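Only one chain is shown below, in structure tokens, and it's the form deposited in one PDB entry.
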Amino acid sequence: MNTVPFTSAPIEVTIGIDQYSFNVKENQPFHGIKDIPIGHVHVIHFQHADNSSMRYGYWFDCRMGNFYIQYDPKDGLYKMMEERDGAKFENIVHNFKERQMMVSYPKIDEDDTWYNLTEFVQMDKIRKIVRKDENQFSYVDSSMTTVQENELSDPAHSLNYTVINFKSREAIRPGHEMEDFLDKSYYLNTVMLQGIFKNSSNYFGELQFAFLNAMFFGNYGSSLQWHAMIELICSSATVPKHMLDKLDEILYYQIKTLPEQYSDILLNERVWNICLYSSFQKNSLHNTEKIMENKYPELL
């Protein structure tokens, strides 16, 4: 069970770890998060009490190094850093644990929610979407734009999601205009699955990563990407049975986890109505259609 110690908490902040959150007071003896489950990516995230515009976090995997958080009073944020000295780190974590200065990652034994949201999400794929190769963890915030948003500015601070555009030459074969526009199977299966992602696992990993960035940071470009990847599947007449069954599971847990109070900003009426009620896959997403109809019937 891994640990992300904190040097201190000099500013009042709401700290998120995965789907969990807790309030830390200015100069409270908070020194980090212990018992973090090995085997999954994690996200530690921040919203400052004095400025809710400061919404940002770090994707990391404790198998890839020893990470800690230290407040930077110059840049005014909680930064993640890697500690290279294994023995120094182990000694710091042991002292804070002994003085019980750490919150425990509060996982219920029955509860597969985080696995279910991150099943296909890999740290190596995150680092290709979020490019900062000198660090093993990836910084995301609420204002970061996508490569596609920047096409329609700073390329170093962008989310490199795979560009999906239904009215692009990539999406439409010359001579198959109507066919390829009305049935996106060629774009899904040849261009995106075989061509770019290589397999459905990498496609779902990006879809799941986009959703989580949308939910945890309110990142608008991420929300656009999540919807575009759902719509590309739902708008394809020919999709492997295993992909549709898995998509149904992915979306069910995403909709289950979404706070009701954010449904109006994080869910696109057009895409969901189309996917569930008009698309080729309108009858393929049983679990997702049931939770959406019972939780968000107004949207539909």
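When you see a residue number, it is the position in the sequence shown, counting from 1. Rigid core here is just the name for the largest C-alpha set that superposes within 1.5 Å across the two forms.
A second form of this protein, the form deposited in another entry, is not displayed here; the remarks below concern that form.
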Original post:
Core aligned, which of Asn199, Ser143, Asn95, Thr190 has the Cα that shifts 2 angstroms or more between this form and the one not shown?
Top reply: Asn95
Subject >> Exceeds or equals 2 Å, Cα of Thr257 between this form and the one not shown, core fit >> reply: no
Original post:
Is there a C-alpha shift of 2 Å or more at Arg127 between this form and the one not shown once the rigid core is superposed?
Top reply: no
Subject >> Rigid-core frame, C-alpha of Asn27, shift of 2 angstroms or more between this form and the one not shown >> reply: no
Original post:
Do the C-alpha atoms of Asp109 and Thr113 sit closer or farther apart in the other entry than they do here, given a shift of 3 Å or more?
Top reply: closer
**OP:** Could you tell me whether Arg99 and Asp35 have their C-alpha atoms closer or farther apart in the other entry than in the shown form, knowing the shift is 3 angstroms or more?
**Re:** closer
